Structures are given as C-alpha cells and as structure tokens.
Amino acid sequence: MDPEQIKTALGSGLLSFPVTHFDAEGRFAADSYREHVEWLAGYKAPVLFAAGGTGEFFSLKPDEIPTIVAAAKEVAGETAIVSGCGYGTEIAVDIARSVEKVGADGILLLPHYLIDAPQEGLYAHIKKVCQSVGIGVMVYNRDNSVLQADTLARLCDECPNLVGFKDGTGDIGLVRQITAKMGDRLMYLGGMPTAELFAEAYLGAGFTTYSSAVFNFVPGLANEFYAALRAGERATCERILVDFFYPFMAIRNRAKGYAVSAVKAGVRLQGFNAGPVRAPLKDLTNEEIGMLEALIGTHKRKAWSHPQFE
C-alpha cells in the first residue's frame, strides 16, 4: 500500500510485533512463525511489525529479513505488514529496498549502529533511507538516535513517506513537544519495552497506540487493556496493571534483554515453539519460565501433558 494507507492503518488500533521463530539449528522456522502469526490474526491488530526489536531484528542477517516479511504476509490477511530496518545508511538502504521488493507496506527504522551522532547527521541518514523507497517510514527515537522536534520537522517537510514516530526514550517532555509541533502530520506510536506501563500517560502526550509486546502471548489481555485505555476505563486498566503487568515487569527485570526473552518464553508457553533467542540475548531459566507460566494462569490457551511414569 501507499504511505497514506499505512499511516491510516497505524491509527486504527493496537500494534503487533511478533517474535521471530528459530529452529534448534538457529535457522528461521517459517512454519512455526506462520502458525503463531495466524493465531494472532484472529485478534485483528491492524499492523504487524515483522523483524522488529521484539522480533530480534538486531540478531538477523540482512538476507533473513525479506524471508521473514514474506512468511508473515502469507498468513497476516487484511493486515498491514511493516518491516524492521536499521544500521548505518548503506546497510539500511539495502534492507529497505529488499523488503519493499517482497511487498512490505512500510519500514520501522531502528537506530544506526554504535555511534552518537549530531542532529544534522541523523537528518542526513534518515533522509537517505526515506528517499530510497516509496513505502511508508516510521522513525524510532531510542538509544543513540534521538531526533529533536526541529530536526523531525525538517524530515517531515522533505520526506512525504515519513508518516510515523515511535518513542522508546520515555522522555515525556520531548515527545509532547514533538506532537505539538507536528500535529496530525505523523502517527505517534508508544514504544517503551512493556508499553502498557506508559500508555495512560502517553495519551496526554498525544499517543493513542503502542507496540504491545505481550500481545505475542496474551493477546486477549492486551486487547482488553487497549479497549479500556481508549474508553477511559481507568479501573480496568489499573486492575490489569496490578494483576498482570507489574508482576510481569518483576520477571522481565531479572536480567538484561528479558524484555525480549520473556516474551518469547510466553509464546512457547502458549504452545508455539518459537525456539531460543539468539546470543547475546539469553533465555529464561526453566524456573523463570515456570514463574511466567504461573502468571499467565487463567489466560493459558492450552494445557500441557508433562512426562510422567510409574
């Protein structure tokens, strides 16, 4: 679709970022990925971000990315498919073009690699990536790539296909300035690692959607929180925070990278064997997986038959 069409889709509901499934040999496992994506499809997120951060973008070989996007497209139905993109300009442009070729509906541009950069340089980098494709682009303020409002305004003026802004900084002061400056020129996407913890505050900042990483494994719970958020049903949001999210955060905070690793464990627990994380992430221990299983609780989508003899 064209950039205005993906822009519309971004404003039409909750955003899905599926984990990328690997086999025991570490290879992309398309059959498993498709099974999981097809299940998620019944929950009707309007945009699916393949090979995003929750999808371990940062551990994929660039040649894997179009393959993953194409697999998601097979089963995503009437859903917009956005691909992760990133690294320095030369690599990012090659990835962007390769996923445009395989029919992505947009790109989410993760930070360039390693260095701190001046605003003028961020401008030049992001402009070059946006101009390399005709599909829609969402920028992603996080880590070593944080656009100021004036720089983002210049990008918006010179790149019509730049239609979205995702925040991973948690800097309310800055993101409210950005929405004040750009208004409806961009769709504003919450991007903190467990975004429900920020969503009520982010409404005031001007953001009415976000990536729900936990939608990977408790989509019914994530959809309910989202509906409650949009309806102003504070007591419902709060109950779900207290009973699910803060306990999840306690598991997630046990080690670096668990914002991804714990989500992938949840997916496995729900009966999709998404496989291990790639180093340098590490998987949850069997004990920690058990903690997450207990938390999922009434939201389990199956029962397991654990091995036993006599």
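When you see a residue number, it is the position in the sequence shown, counting from 1.
Novice: Mean CA temperature factor from the deposited coordinates, higher in 258 to 266 or in 22 to 30?
Specialist: The stretch with the larger average C-alpha B-factor is 22 to 30.
Novice: Given the B-factors recorded for C-alpha atoms, which segment has the greater mean, 81 to 89 or 155 to 163?
Specialist: So the stretch with the higher mean C-alpha B-factor is 155 to 163.
Novice: Pick out which of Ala213, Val102, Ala199, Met138 has the highest C-alpha B-factor in the PDB entry.
Specialist: Across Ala213, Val102, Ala199, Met138, the entry lists the biggest C-alpha B-factor for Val102.
Novice: Considering only modelled residues of the same chain, in which third does the CA B-factor of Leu110 rank: lowest, middle or highest?
Specialist: Lowest third of the chain for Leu110's C-alpha B-factor.
Novice: Lowest, middle or highest third: where is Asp94 by C-alpha B factor in its chain?
Specialist: For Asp94, the deposited C-alpha B-factor lands in the middle third.
Novice: Would you mind checking where the Cα B-factor of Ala222 ranks among the modelled residues of its chain, as the lowest, middle or highest third?
Specialist: It belongs to the lowest third of the chain when residues are ordered by C-alpha B-factor.
Novice: Based on the entry's values, in what third of the chain does the Cα temperature factor of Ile251 lie: lowest, middle or highest?
Specialist: Middle third.
Novice: Check where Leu15 lands among this chain's C-alpha B-factors and tell me if it's the lowest, middle or highest third.
Specialist: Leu15: CA B-factor falls in the lowest third of its chain.
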